[PDB]
There are 2 protein chains.
Amino acid sequence: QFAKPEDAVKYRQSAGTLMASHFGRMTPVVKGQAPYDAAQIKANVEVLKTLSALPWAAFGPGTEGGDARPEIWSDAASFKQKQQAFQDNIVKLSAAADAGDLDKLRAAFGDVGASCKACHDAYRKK
Amino acid sequence: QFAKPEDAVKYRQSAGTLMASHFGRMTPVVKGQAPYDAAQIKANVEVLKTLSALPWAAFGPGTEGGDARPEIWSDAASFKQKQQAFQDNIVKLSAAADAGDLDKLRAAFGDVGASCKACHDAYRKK
Ligand code: HEC
Ligand code: HEC
């Protein structure tokens, strides 16, 4: 869907921006510094679920650039494993939210955050 | 969810970027220059549905900036009418996609595009 590689870069960076907001806005809730409303979090995690599937298709043929490290395309299976595992972690966060289980949410939230960081550490330029 | 107004601006601009990609990537389909696969379009319009609800909450208290015109906050009801009408048009696009009706999709797509433009013309700085 991208006329030029720059358009893929702009897309995936914007998807990252929105994921960071929908993930990070729950930090005060997970820490107990903001109240826990199960319906609010369920709805927010649904948004995050949708967003979480979006970046990967924007690292397609010839879309090199931005802060993507070149190791993304040459090791296609290792990068894939990481995005599929991140989305696995998102499924677990969805389950916690959908159940209205705050302890479960805390734990799942930490696992998601670790998955974001693991990918950035390997595949995003400093 | 925004620490500073700049963070709201960055969010809403990224939501716009993603909407433009998910809406605009269907142009060749609506024009018949790319094939119509009803399931593909149904899934894409579902993504667009989710995204289409996101910008509005990022024009909240004290989030003035970017290319938002100041008329957005002082005429809160007129701006609201426009975003709710745009989302009405999105519901109609969803219906067309969900039905697998290409003629209906064409018409609904044009109505959505007109709604984007009407809001930008009134509320987005040149
Ligand atoms: C690999 C499987 C990743 C996972 C999982 C997550 N991110 Fe990511 N992210 C990744 C790359 C390779 C890049 C660079 C893209 C480019 O071309 O520059 C990014 C970028 C971001 C950004 C910065 C966007 C920008 O302003 O330029 C953000 C804010 C971001 N990513 C957030 C984010 C979050 C919150 C994630 C987990 C919920 C997450 N990413 C996972 C690769 C991967
Ligand atoms: C008002 C009810 C709007 C509707 C409907 C749509 N958009 Fe919008 N858009 C609006 C404003 C006020 C702004 C400016 C935000 C800012 O603070 O700068 C925007 C911006 C965009 C952008 C540019 C983002 C950027 O790169 O800075 C894009 C690409 C965009 N909008 C796209 C878009 C599409 C495709 C829409 C219909 C599907 C749509 N917008 C509707 C206000 C409104």
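Heads up, header says this was done by X-ray crystallography, 1.0 Å.
The backbone N, Cα and C atoms fix where each Cβ goes, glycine too.
What Swiss-Prot annotates here:
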- A:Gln1: pyrrolidone carboxylic acid (MOD_RES)
- A:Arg12, A:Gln13, A:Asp67, A:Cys116, A:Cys119, A:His120: heme c binding site (BINDING)
Cβ neighbour count within 10 Å of A:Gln13 (heme c binding site):
17
Can you name the binding-site residues among A:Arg12, A:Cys116, A:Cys119, A:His120 whose Cβ is less than 8 Å from some Cβ in chain B?
none
Between A:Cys119 (heme c binding site) and A:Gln1 (pyrrolidone carboxylic acid), how far is it from one CA atom to the other, in Å?
24
Counting only residues 6+ away in sequence within the same chain, which have a CB under 8 Å from the CB of A:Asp67 (heme c binding site)?
A:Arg124, A:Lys125
A:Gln1 (pyrrolidone carboxylic acid) versus A:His120 (heme c binding site) - Cα distance in angstrom:
24
Other residues, Cβ within 8 Å of A:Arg12, A:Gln13, A:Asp67, A:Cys116, A:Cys119, A:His120 Cβ centroid (heme c site):
A:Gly16, A:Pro55, A:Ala68, A:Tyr123, A:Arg124
